[PDB]
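Here is the structure we will look at.
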Amino acid sequence: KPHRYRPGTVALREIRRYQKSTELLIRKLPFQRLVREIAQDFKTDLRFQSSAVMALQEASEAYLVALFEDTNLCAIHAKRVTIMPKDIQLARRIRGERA
Amino acid sequence: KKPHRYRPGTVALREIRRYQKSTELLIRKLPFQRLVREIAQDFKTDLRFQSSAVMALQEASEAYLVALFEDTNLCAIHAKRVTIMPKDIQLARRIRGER
Amino acid sequence: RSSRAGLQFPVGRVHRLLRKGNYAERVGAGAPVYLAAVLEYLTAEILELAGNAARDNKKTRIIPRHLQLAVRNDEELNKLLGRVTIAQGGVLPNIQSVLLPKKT
Amino acid sequence: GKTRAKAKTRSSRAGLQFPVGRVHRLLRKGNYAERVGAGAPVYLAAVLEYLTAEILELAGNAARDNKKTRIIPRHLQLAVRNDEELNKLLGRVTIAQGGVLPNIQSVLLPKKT
Amino acid sequence: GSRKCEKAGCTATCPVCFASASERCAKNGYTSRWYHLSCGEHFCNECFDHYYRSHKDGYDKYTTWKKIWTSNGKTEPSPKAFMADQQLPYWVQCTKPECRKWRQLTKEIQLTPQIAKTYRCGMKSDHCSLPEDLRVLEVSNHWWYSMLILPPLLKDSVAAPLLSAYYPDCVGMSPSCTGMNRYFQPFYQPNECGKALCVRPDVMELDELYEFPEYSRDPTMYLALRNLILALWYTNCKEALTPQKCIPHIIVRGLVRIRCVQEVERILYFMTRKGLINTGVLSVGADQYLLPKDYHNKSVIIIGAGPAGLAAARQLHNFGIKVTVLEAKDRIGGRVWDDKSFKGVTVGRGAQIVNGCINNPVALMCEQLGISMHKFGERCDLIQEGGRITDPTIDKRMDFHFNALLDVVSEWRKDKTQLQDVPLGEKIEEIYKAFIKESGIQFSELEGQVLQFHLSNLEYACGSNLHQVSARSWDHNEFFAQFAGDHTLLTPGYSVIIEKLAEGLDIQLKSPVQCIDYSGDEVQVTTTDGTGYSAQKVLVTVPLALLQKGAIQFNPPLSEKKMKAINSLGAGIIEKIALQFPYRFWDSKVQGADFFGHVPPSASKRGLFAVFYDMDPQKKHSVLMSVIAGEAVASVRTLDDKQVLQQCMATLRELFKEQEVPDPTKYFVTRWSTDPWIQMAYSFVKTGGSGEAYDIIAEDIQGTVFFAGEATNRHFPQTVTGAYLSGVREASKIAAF
Amino acid sequence: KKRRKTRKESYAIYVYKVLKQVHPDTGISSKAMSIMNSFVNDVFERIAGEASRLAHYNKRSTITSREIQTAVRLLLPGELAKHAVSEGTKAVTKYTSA
Amino acid sequence: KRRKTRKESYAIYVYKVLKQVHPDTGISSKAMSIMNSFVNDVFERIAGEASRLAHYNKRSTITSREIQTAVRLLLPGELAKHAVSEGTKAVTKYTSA
Amino acid sequence: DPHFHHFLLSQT
Amino acid sequence: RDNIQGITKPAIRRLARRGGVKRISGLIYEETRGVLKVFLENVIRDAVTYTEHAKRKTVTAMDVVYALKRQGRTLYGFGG
Amino acid sequence: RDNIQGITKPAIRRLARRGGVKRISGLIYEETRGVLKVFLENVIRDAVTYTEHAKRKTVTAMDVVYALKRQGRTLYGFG
Amino acid sequence: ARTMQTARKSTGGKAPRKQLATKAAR
DNA sequence: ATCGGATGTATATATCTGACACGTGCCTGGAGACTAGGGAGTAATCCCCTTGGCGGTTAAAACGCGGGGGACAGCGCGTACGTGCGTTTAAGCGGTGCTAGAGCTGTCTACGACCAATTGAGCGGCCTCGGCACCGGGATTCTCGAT
DNA sequence: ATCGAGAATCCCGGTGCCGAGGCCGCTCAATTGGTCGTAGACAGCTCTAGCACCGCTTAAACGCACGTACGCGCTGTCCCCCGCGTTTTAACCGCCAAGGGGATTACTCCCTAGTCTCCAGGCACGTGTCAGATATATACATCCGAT
Ligand SMILES: Cc1cc2nc3c(=O)[nH]c(=O)nc-3n(C[C@H](O)[C@H](O)[C@H](O)COP(=O)(O)OP(=O)(O)OC[C@H]3O[C@@H](n4cnc5c(N)ncnc54)[C@H](O)[C@@H]3O)c2cc1C
Ligand SMILES: [Zn+2]
Ligand SMILES: [Zn+2]
Ligand SMILES: [Zn+2]
């Protein structure tokens, strides 16, 4: 008798897990290739220490995570429970991100 | 003959053209001055102020309040509302990190 | 002869202000020339945009309103000064488009 | 003709456990003032000892209260973010391997009976 | 620990703690230090620490109080202050007549006025027989107060709500605390311009320091009691204020309350004698006298039964002093004389207006009588013969110029002495001509006529043509604080107040005094028919004109100094006409205004009915009143009443030219000028004269012959109020002896 | 393998000592130790810089303990300021008594 | 009798650059003091960044190259390019004399 | 300041 | 009395008009006085801290331009 | 393939669910790649200048922690 | 005296106004 | 959907008045010409630590496929606040007075750099085991589909 | 409305292993002890600028009516995104190779603090205009009914 819990049990339970855990999410080699690719524009043929790639990973996840905190408060303040891109644009504008 | 009146919003929008257009200082100087002195009595007593310092706190008051209505107004417009409400003030204060 | 500088901005006064703020223990030769050149550039275009945006108010004296919108109109000068209030500045005429009264 | 005279250090001249000499050298060697006074890093080492004791204290309380015997940086995350004033000193500071203190907005919690 | 007190000279041979706040209280035993509040009140070092030390249970209570005492007061919150204000037990005096013992209330009991009002010993055996705490007697030793650390501060003073602008502890009240006639404003408010009959809540007046020198160092206790007394008087001015009524309203902790209660009686009697309270038309009879039997043995003859004579007589009588009033005429009142024969209205032949009701004795007396006054509106159109209301711009233009002329006069006089005095009228004229010369400006005939109206209004005020009045001194009295607030029409008339003052006094009518002899042991007074009177003291209140005429023979004669002052003032004069009509013909044009002005056709005629007064504020009856002033008083002296009436009606038909005016059906024309025992309306300063003249005339002779009357009041000349106050003044002087 | 390294500094044994003072039988991990190290450096340049410009405003050229008291009363929020000043005066006076 | 101290500004220099750009067009005093505190603000940002940048490379000397890097960190983009290009114009125009 | 004094309390 | 209240309801209206706010709800003014009160409490606290350190009884304008600089709200036009 | 998509769709889901986000719309992912791209462009534009000033060809950890500190986003745990 | 005037009071020639400045005032 | 009061707002013209651009004087900080120790460019090397490749497994990513609930447009109904007019009312002004304290300048002095010998103290190399993972098994709890 | 699969989550138990903690040498930065010009507490004046006070006008603030439109709750309707099996597929991991570049230590040397004097650049200080606010009268631009 297959029966999925619902739209929200995987969500809220998985929010309890991925708030509760500590480790770094987005994978090492695609992120590393990303930083090298953006790095090629300002200067050719760079080199990275590995821990610096972990550092850009950590600040990048913390900045995105805080952005989803705030855009979540944005869309909840519209009596919605779903992030939509104009909410992202709002928090980037409200915070001051929007140049 | 007796109507003449205007819509609720013509005096508002023309008033936005005037008070965005002008620049001068527009909270009255003696109630503001007494306000700064009465807030100032708590930390230390029997004070003395230069006048231009009271002008300077008047500038910080207008800058911080006015910018807070900028972001509060974008908050309430992002709710498909054209009227700000105190929860929007609370939202922009949490987004700027003022708690 | 006394004519030695013949450039722009006070190299000696800025040089004093680099030596007497405890930044390094010692300050090289070419540096206040460099920093003076940069500040003359920045000063120059900010007063230029206050120049055209002063002539748009048909005046001759630049008041701080002209420095307000003279900064806030260009992107880069605004991004250099985005945390700085200007006294007697006011705002640019920003109006959100939903407030514009529409009709037939 | 002697430079002994009870060869003592300092931190014990003030009753602390912070390096007055190392902090003192770090105040003289960052170009903060051409002269640096007599008892300034005594005062400053006192302030930093209080702050260190506060954060490590709350990570100790949270360290028992999440059933370990060793402070990990996660306990520094929710150790710092639970006091108000320590959070206000560190509100612009990310700390790595910290994660997020568990916050759930009220509309996300289920609308059960 | 010790058994001795910190304070040097304290006679407490056995200190005990009144606080018992600490579980460690020393009681009657040993303590490291006994803290002294008074010779009979101490608290031990343990209870001190109980509040003072942060780690003690009473610290909260002391810090909270210390905060209220900060947002509310200007004295430092010391533990001793906290004790005297918060912990000291109350004391209350047994009200049983044959007991009257003072009792300490248990520390939890909060004394109220109701408790004090009815308290008897034991109120929670013969409780009244238990000996009085020995500490009570000590309080009445002069050195007792000297060894009080802090002055008493009253709680819930009746004066409090009137003083919310002052620091409570600066006016004798406690920082930890908290429908009157609008005309009662006894206390100066901070940063106020002067106004008449006001006292500073925080400072003793000169006469007060004189009577109570012991308070010059610290006036706290006095001010609290004086302020309370005034507040109580004004709260209910219809009853004599007695110590019994005050005592329940004296709320303060400690034995000091006993000292406060003991002082209230002294201050009450001083206030009464001086005429600050228990005054006005308040009447008091045998066994109700307002001053102790100590003042009673003495006697007085008062000459004249106008406002001044009757004021002094009322005061002295209420004091318990033997008084006889001798009046020349067949009626009392003097320049107060009301006609009650007009339909539905009372019309004064003499005084009827009250100039500045705030703190005015007249306003008080109206309160006591339940009388309402009518406040004048501002509007007074300047109507021309015949019909035209003066253009508002012309009106404003000439008002400005008129007053500008007064400014330059006040500027001219600054460096002139009496020996260089010139008539106000002449000075104004010259300045006016010299201005038209200077600036080519030229005024129309009407503009000149409007200026004449204003001049006429000055003449009405002074009771004289302006060429008689001093440029230097015409307005001398304004050097002193004047009566602020509404000017009113005393619609029932001053006679009601007069009647009330005189009621039950010993007054002899038709007894004109001719001789006063004060050369012997007591004053011999003889009337014109030879009737003899005698008393220890005599007060003369006859009008200035009668003093000038020398109608009373003084032996020994008045001093040359007095005579010069008497003659340096002018016996000012105006006359009134009242007219009754069949209907209110002026309503259309006048539109409810209390009065209207009459623009003079010429300078010579300017004082002939310059202002007309609508004598019914209810706008129902039809009575007009007008005045004859300046030159016009002379022009009317040979005219009979009918002729004056004819000229007034001719004037009205001019003022209301474009309409009809009914005939009057009843009228009067006054002849004060030729009333033998009066011969005037009110005094003014003649050219060469000084305001000091009023003081000189006021000066008693050898504490035996006293003077009152409007012409003796330098602060408040001319008025019923001023005359009334001069009588109160003299009653105080006479009663002191 | 066999060659001189490069002398280095830290705060780590001091943070370990205060850990011995507060909860004496309790461990700490290595990256948390580097967190506290960078924390002590971060606060150290905060009040050091506040001492720099706060001493620059008054036309002085000397950093004394009054300046550090003011600057701690600027960065430390409130209750965190007060006990820092009490420990600071206790360490100044407790130093000075010798 | 006795006069009073003073205190420098940039107001004559700001006036001179204004005379370079739009020469027949004046300036008011509040805007002059705003420009004054503006150039003090940028001066302390760039000198401060020179301090934080010299304080990393174990160096205790602020030459012009550190000001080049610190300008290439503060000023965004285009005016960084022309700013640094004018800086090379003034170093090279200086030393070639 | 004679101006303000209460009339009945300045009779010395 | 009640200095805070001295910030008038039309003044908060006027600052909203400069901000580009059309319509203002009911309890905006209470919270507006509260927010202005908090901001002036922090700025005045830091300015007093800047003024007690020079041991001077008088607060100047350079005091509070410094205090506004340190909170990341720099304000030109008064020096420094 | 995803030249820069790397931040797979479930990876952005995992970061959002660390942030406490229940339901994610459709175009969120491309904008999220854009915002992350802008942030990294500024951070390593500033970091590469620190690596260029020492004339060194290898970016270190102190480089990016210093350049993060300057942008007001200070990050402990590396130096 | 001027004080006798009710209707159409004169105003010119008045001495400067004095204002009690006590310390007991909050 | 057009037309007209009306009405707030843009357009010359004087007008005082004063704030700014400017001329006089001065004094001290810019500069100019030396020296000197040291910070740093510059070479070369040590080695190590970044890059690169390659194979083996596979957790994660991609993708297809239900399906339902969340966004959103309509819509009716209340209320609250914008608009405008009579009342007040205290803020601005504008002068007048008083002296507390910023600021100046001088006095005298306790205190931080300069060296310079002396040493243990924190730091790196190098052990060593106990706490956290970590399967591995097992009872609890919560959810979701039933009554 | 309330009760069972059953699946995720929490509770002990041996294992291991390795990273946390500790110990032994050991360079060098703290330390101690004197000097020394000097920055700065400290005293005192001064005068000036902040605070206090009082009267007058009035723009602005306050307060009452009123109406409509803005907020907001219900209703339906669609679809986009959540959830879960199935494939694949590329990330992770171990190890092996090579050297380019970071860190080090030394070498040499130019260069920027440091001194003393010399003078004009800017900066304090009168000054008198020409730019702008302020009426002041005057013809457009758009709003708002009412058609
Ligand atoms: C027409 C008029 C209008 C006035 N308007 C006003 C006004 O509007 N408001 C206002 O306040 N005041 C007004 N006054 C003035 C006011 O009435 C007087 O100032 C006041 O009455 C004077 O008081 P008095 O007691 O001093 O003297 P009086 O009233 O004059 O009385 C003196 C008494 O002394 C008596 N006397 C005289 N000689 C002898 C003697 N030899 N023996 C015995 N008795 C003697 C007289 O008979 C009289 O009874 C007005 C007066 C008049 C005449
Ligand atoms: Zn006791
Ligand atoms: Zn005693
Ligand atoms: Zn009894």
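By order of appearance in the structure tokens: chains A, B, ..., then residues from 1 within every chain, and ligands from 1 in the order shown.
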
Per DSSP on the backbone, what are the alpha helix (DSSP H) residues of chain G, as an NGL selection string? :G and (11-21 or 29-54 or 64-74 or 78-95)

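If you count only C-alpha atoms (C1' of nucleotides) and ignore residues fewer than 6 places along the chain from residue I:62, what sits within 7 Å of it is residues 78, 79 and 80 of chain I.
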
Please report as an mmCIF file with N, CA and C atoms, in the first residue's frame which residues of chain D come no farther than 10 Å from chain M, using only C-alpha atoms (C1' of nucleotides).
```cif
data_model
loop_
_atom_site.group_PDB
_atom_site.id
_atom_site.type_symbol
_atom_site.label_atom_id
_atom_site.label_comp_id
_atom_site.auth_asym_id
_atom_site.auth_seq_id
_atom_site.Cartn_x
_atom_site.Cartn_y
_atom_site.Cartn_z
ATOM 1 N N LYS D 2 73.904 42.947 39.722
ATOM 2 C CA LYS D 2 73.010 41.776 39.521
ATOM 3 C C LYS D 2 71.704 42.243 38.867
ATOM 4 N N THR D 3 71.127 41.408 37.997
ATOM 5 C CA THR D 3 69.856 41.742 37.300
ATOM 6 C C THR D 3 68.777 40.734 37.706
ATOM 7 N N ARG D 4 69.034 39.961 38.764
ATOM 8 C CA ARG D 4 68.067 38.943 39.257
ATOM 9 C C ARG D 4 66.923 39.646 39.997
ATOM 10 N N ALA D 5 67.100 39.882 41.303
ATOM 11 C CA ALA D 5 66.084 40.556 42.145
ATOM 12 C C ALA D 5 64.720 39.877 41.968
ATOM 13 N N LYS D 6 64.611 38.615 42.398
ATOM 14 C CA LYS D 6 63.351 37.829 42.285
ATOM 15 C C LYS D 6 62.854 37.880 40.834
ATOM 16 N N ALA D 7 63.632 37.309 39.910
ATOM 17 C CA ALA D 7 63.273 37.291 38.472
ATOM 18 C C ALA D 7 61.841 36.775 38.297
ATOM 19 N N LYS D 8 60.865 37.689 38.269
ATOM 20 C CA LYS D 8 59.434 37.319 38.098
ATOM 21 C C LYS D 8 58.961 37.764 36.708
ATOM 22 N N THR D 9 57.747 37.365 36.316
ATOM 23 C CA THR D 9 57.200 37.743 34.986
ATOM 24 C C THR D 9 56.245 38.929 35.149
ATOM 25 N N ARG D 10 54.941 38.685 34.982
ATOM 26 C CA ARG D 10 53.918 39.754 35.119
ATOM 27 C C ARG D 10 52.561 39.124 35.454
ATOM 28 N N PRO D 19 49.238 36.890 28.439
ATOM 29 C CA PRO D 19 50.587 37.437 28.265
ATOM 30 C C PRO D 19 50.572 38.952 28.169
ATOM 31 N N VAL D 20 51.047 39.607 29.226
ATOM 32 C CA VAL D 20 51.134 41.057 29.193
ATOM 33 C C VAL D 20 52.218 41.490 28.226
ATOM 34 N N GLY D 21 53.295 40.718 28.130
ATOM 35 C CA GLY D 21 54.381 41.102 27.253
ATOM 36 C C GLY D 21 54.047 40.914 25.791
ATOM 37 N N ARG D 22 53.365 39.818 25.453
ATOM 38 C CA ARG D 22 53.045 39.556 24.054
ATOM 39 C C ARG D 22 51.963 40.506 23.546
ATOM 40 N N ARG D 25 53.647 43.949 23.273
ATOM 41 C CA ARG D 25 54.394 44.048 22.027
ATOM 42 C C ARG D 25 53.448 44.241 20.855
ATOM 43 N N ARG D 35 53.511 56.576 21.634
ATOM 44 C CA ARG D 35 53.809 56.155 22.990
ATOM 45 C C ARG D 35 52.696 55.238 23.469
ATOM 46 N N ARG D 70 33.865 17.627 24.992
ATOM 47 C CA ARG D 70 34.856 18.315 24.183
ATOM 48 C C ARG D 70 34.160 19.379 23.354
#
```

Check every residue of chain I for an atom within 10 Å of chain F, counting only C-alpha atoms, and provide those that qualify as number ranges by chain. I: 45-47, 49-50, 52-54, 62-63, 66-67, 70

Serialized selection, N, CA, C and O atoms, as an mmCIF file, in the first residue's frame:
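File produced: out-v6.cif:
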```cif
data_model
loop_
_atom_site.group_PDB
_atom_site.id
_atom_site.type_symbol
_atom_site.label_atom_id
_atom_site.label_comp_id
_atom_site.auth_asym_id
_atom_site.auth_seq_id
_atom_site.Cartn_x
_atom_site.Cartn_y
_atom_site.Cartn_z
ATOM 1 N N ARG I 45 24.232 57.804 23.748
ATOM 2 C CA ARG I 45 25.091 57.041 24.659
ATOM 3 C C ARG I 45 26.539 57.020 24.185
ATOM 4 O O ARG I 45 27.472 57.242 24.972
ATOM 5 N N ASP I 46 26.740 56.824 22.884
ATOM 6 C CA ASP I 46 28.102 56.791 22.375
ATOM 7 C C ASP I 46 28.706 58.185 22.312
ATOM 8 O O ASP I 46 29.926 58.337 22.452
ATOM 9 N N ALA I 47 27.874 59.210 22.129
ATOM 10 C CA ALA I 47 28.375 60.577 22.120
ATOM 11 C C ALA I 47 28.792 61.026 23.513
ATOM 12 O O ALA I 47 29.812 61.707 23.674
ATOM 13 N N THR I 49 29.776 58.987 25.807
ATOM 14 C CA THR I 49 31.024 58.265 26.029
ATOM 15 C C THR I 49 32.198 58.973 25.363
ATOM 16 O O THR I 49 33.290 59.049 25.934
ATOM 17 N N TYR I 50 31.975 59.551 24.183
ATOM 18 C CA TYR I 50 32.988 60.391 23.558
ATOM 19 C C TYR I 50 33.236 61.690 24.298
ATOM 20 O O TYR I 50 34.281 62.313 24.086
ATOM 21 N N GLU I 52 32.669 62.305 27.916
ATOM 22 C CA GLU I 52 33.240 62.095 29.236
ATOM 23 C C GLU I 52 34.719 61.767 29.171
ATOM 24 O O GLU I 52 35.434 61.996 30.150
ATOM 25 N N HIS I 53 35.193 61.240 28.040
ATOM 26 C CA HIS I 53 36.587 60.832 27.948
ATOM 27 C C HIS I 53 37.516 62.024 27.821
ATOM 28 O O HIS I 53 38.653 61.971 28.295
ATOM 29 N N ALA I 54 37.057 63.099 27.197
ATOM 30 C CA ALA I 54 37.795 64.350 27.230
ATOM 31 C C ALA I 54 37.552 65.136 28.508
ATOM 32 O O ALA I 54 38.125 66.221 28.652
ATOM 33 N N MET I 62 31.559 67.557 16.615
ATOM 34 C CA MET I 62 32.541 66.557 16.212
ATOM 35 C C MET I 62 32.393 65.274 17.003
ATOM 36 O O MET I 62 32.677 64.189 16.473
ATOM 37 N N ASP I 63 31.965 65.389 18.266
ATOM 38 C CA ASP I 63 31.598 64.246 19.092
ATOM 39 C C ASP I 63 30.619 63.341 18.376
ATOM 40 O O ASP I 63 30.876 62.149 18.182
ATOM 41 N N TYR I 66 31.634 61.825 14.966
ATOM 42 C CA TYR I 66 32.437 60.644 15.267
ATOM 43 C C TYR I 66 31.566 59.461 15.684
ATOM 44 O O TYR I 66 31.756 58.335 15.203
ATOM 45 N N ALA I 67 30.585 59.709 16.558
ATOM 46 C CA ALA I 67 29.697 58.641 17.001
ATOM 47 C C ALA I 67 28.825 58.118 15.875
ATOM 48 O O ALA I 67 28.480 56.934 15.862
ATOM 49 N N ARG I 70 31.196 55.796 13.692
ATOM 50 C CA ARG I 70 31.552 54.494 14.233
ATOM 51 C C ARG I 70 30.407 53.501 14.078
ATOM 52 O O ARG I 70 30.646 52.305 13.906
#
```

Residues at most 7 Å from stretch 26-38 of chain A, counting only C-alpha atoms (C1' of nucleotides), excluding those fewer than 3 positions away in the same chain, as a PyMOL selection string? (chain A and resi 41+53) or (chain J and resi 4+6-7+11+41)

Within 7 Å of ligand 3 (only C-alpha atoms (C1' of nucleotides) and all ligand atoms), residues as a VMD selection string: chain E and resid 5 to 7 10 to 12 36 to 42

Next, the residues of the selection above should be written as a PDB file, in the first residue's frame with C-alpha atoms.
```pdb
ATOM      1  CA  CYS E   5      24.342  59.420  70.197  1.00  0.00           C
ATOM      2  CA  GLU E   6      26.460  60.785  67.341  1.00  0.00           C
ATOM      3  CA  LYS E   7      24.930  64.265  67.536  1.00  0.00           C
ATOM      4  CA  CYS E  10      21.723  65.605  72.085  1.00  0.00           C
ATOM      5  CA  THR E  11      19.926  65.096  75.394  1.00  0.00           C
ATOM      6  CA  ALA E  12      18.871  61.535  74.549  1.00  0.00           C
ATOM      7  CA  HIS E  36      20.070  60.920  65.037  1.00  0.00           C
ATOM      8  CA  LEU E  37      16.941  62.448  63.470  1.00  0.00           C
ATOM      9  CA  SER E  38      15.814  64.502  66.456  1.00  0.00           C
ATOM     10  CA  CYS E  39      16.410  64.589  70.215  1.00  0.00           C
ATOM     11  CA  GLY E  40      13.735  61.914  70.583  1.00  0.00           C
ATOM     12  CA  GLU E  41      14.222  59.864  67.434  1.00  0.00           C
ATOM     13  CA  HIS E  42      17.114  57.577  66.473  1.00  0.00           C
TER      14      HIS E  42
END
```

Who sits within 12 Å of residue A:60, only C-alpha atoms (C1' of nucleotides), same chain under 6 positions skipped, as a PyMOL selection string: (chain A and resi 24-26+31+35+52-54+66-67) or (chain D and resi 94+96) or (chain J and resi 7+12+15+32-33+35-44+64+68+73-75)

Next, the residues of the selection above should be written as a compact mmCIF listing (two decimals), in the first residue's frame with N, CA and C atoms.
```
# COMPACT_ATOMS: atom_id res chain seq x y z
N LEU A 24 29.59 20.74 5.10
CA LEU A 24 29.56 21.62 3.95
C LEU A 24 28.91 20.90 2.78
N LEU A 25 28.04 21.60 2.07
CA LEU A 25 27.07 20.88 1.24
C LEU A 25 27.55 20.68 -0.19
N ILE A 26 27.79 21.77 -0.91
CA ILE A 26 27.99 21.67 -2.35
C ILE A 26 29.38 21.11 -2.63
N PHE A 31 32.64 22.89 -7.22
CA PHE A 31 32.86 24.20 -6.64
C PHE A 31 34.28 24.68 -6.89
N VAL A 35 35.43 28.16 -8.79
CA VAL A 35 36.31 29.21 -8.29
C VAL A 35 37.49 29.42 -9.24
N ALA A 52 41.78 27.33 1.23
CA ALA A 52 41.17 28.56 0.74
C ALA A 52 39.93 28.26 -0.09
N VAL A 53 39.93 27.15 -0.81
CA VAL A 53 38.73 26.73 -1.52
C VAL A 53 37.66 26.35 -0.51
N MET A 54 38.06 25.73 0.60
CA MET A 54 37.11 25.47 1.68
C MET A 54 36.60 26.77 2.29
N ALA A 66 22.08 32.80 4.71
CA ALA A 66 21.49 33.99 5.29
C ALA A 66 20.54 34.68 4.32
N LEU A 67 20.85 34.61 3.03
CA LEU A 67 19.92 35.14 2.04
C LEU A 67 18.60 34.36 2.01
N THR D 94 30.84 35.34 10.64
CA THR D 94 30.59 33.93 10.43
C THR D 94 31.70 33.15 11.11
N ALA D 96 33.24 29.24 10.94
CA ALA D 96 33.19 28.09 10.06
C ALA D 96 32.85 26.83 10.83
N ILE J 7 26.40 23.89 -8.67
CA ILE J 7 25.46 24.01 -7.52
C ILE J 7 24.13 23.36 -7.93
N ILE J 12 21.23 23.52 -4.02
CA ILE J 12 20.52 24.73 -3.63
C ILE J 12 19.32 24.38 -2.75
N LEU J 15 20.97 23.87 0.75
CA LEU J 15 21.30 25.12 1.42
C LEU J 15 20.04 25.86 1.87
N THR J 32 19.77 31.87 -8.25
CA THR J 32 20.68 31.53 -7.16
C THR J 32 22.10 31.36 -7.69
N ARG J 33 22.23 30.76 -8.87
CA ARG J 33 23.53 30.69 -9.53
C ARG J 33 24.05 32.08 -9.87
N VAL J 35 23.34 34.97 -8.19
CA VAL J 35 23.72 35.68 -6.97
C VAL J 35 25.03 35.13 -6.42
N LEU J 36 25.17 33.80 -6.41
CA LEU J 36 26.43 33.19 -6.00
C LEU J 36 27.57 33.60 -6.92
N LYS J 37 27.27 33.76 -8.21
CA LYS J 37 28.30 34.19 -9.15
C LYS J 37 28.74 35.62 -8.86
N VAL J 38 27.80 36.50 -8.52
CA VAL J 38 28.16 37.89 -8.23
C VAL J 38 28.98 37.97 -6.96
N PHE J 39 28.58 37.22 -5.94
CA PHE J 39 29.30 37.23 -4.67
C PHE J 39 30.71 36.70 -4.83
N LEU J 40 30.88 35.59 -5.55
CA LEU J 40 32.22 35.07 -5.77
C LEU J 40 33.05 35.96 -6.67
N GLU J 41 32.43 36.63 -7.65
CA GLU J 41 33.16 37.57 -8.49
C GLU J 41 33.73 38.72 -7.69
N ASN J 42 32.95 39.25 -6.75
CA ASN J 42 33.50 40.31 -5.92
C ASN J 42 34.56 39.79 -4.97
N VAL J 43 34.32 38.63 -4.35
CA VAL J 43 35.22 38.16 -3.30
C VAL J 43 36.57 37.74 -3.88
N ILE J 44 36.57 37.03 -5.00
CA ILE J 44 37.88 36.64 -5.52
C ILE J 44 38.46 37.67 -6.47
N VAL J 64 41.92 35.09 1.20
CA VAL J 64 40.48 35.22 1.14
C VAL J 64 39.86 35.54 2.48
N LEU J 68 37.59 38.74 2.79
CA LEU J 68 36.24 38.64 3.34
C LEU J 68 36.06 39.61 4.49
N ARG J 73 32.36 40.66 6.17
CA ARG J 73 31.83 39.30 6.23
C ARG J 73 32.86 38.38 6.85
N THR J 74 33.38 38.76 8.01
CA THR J 74 34.55 38.11 8.59
C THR J 74 34.25 36.68 9.01
N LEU J 75 35.23 35.81 8.78
CA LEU J 75 35.06 34.36 8.82
C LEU J 75 36.24 33.77 9.56
```

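Any residue of chain K with an atom within 10 Å of chain M counts; using only C-alpha atoms (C1' of nucleotides), that gives residues 16, 17, 18, 19, 20 and 21 of chain K.
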
Identify, counting only C-alpha atoms (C1' of nucleotides) and all ligand atoms, the protein, DNA and RNA residues located within 12 Å of ligand 4, and give them as a list in words. residues 92, 93, 94, 95, 96, 97, 98, 99, 100, 101, 102, 103, 104, 118, 119, 120, 121, 122, 123, 125, 126, 127, 128, 129, 130, 131 and 132 of chain E
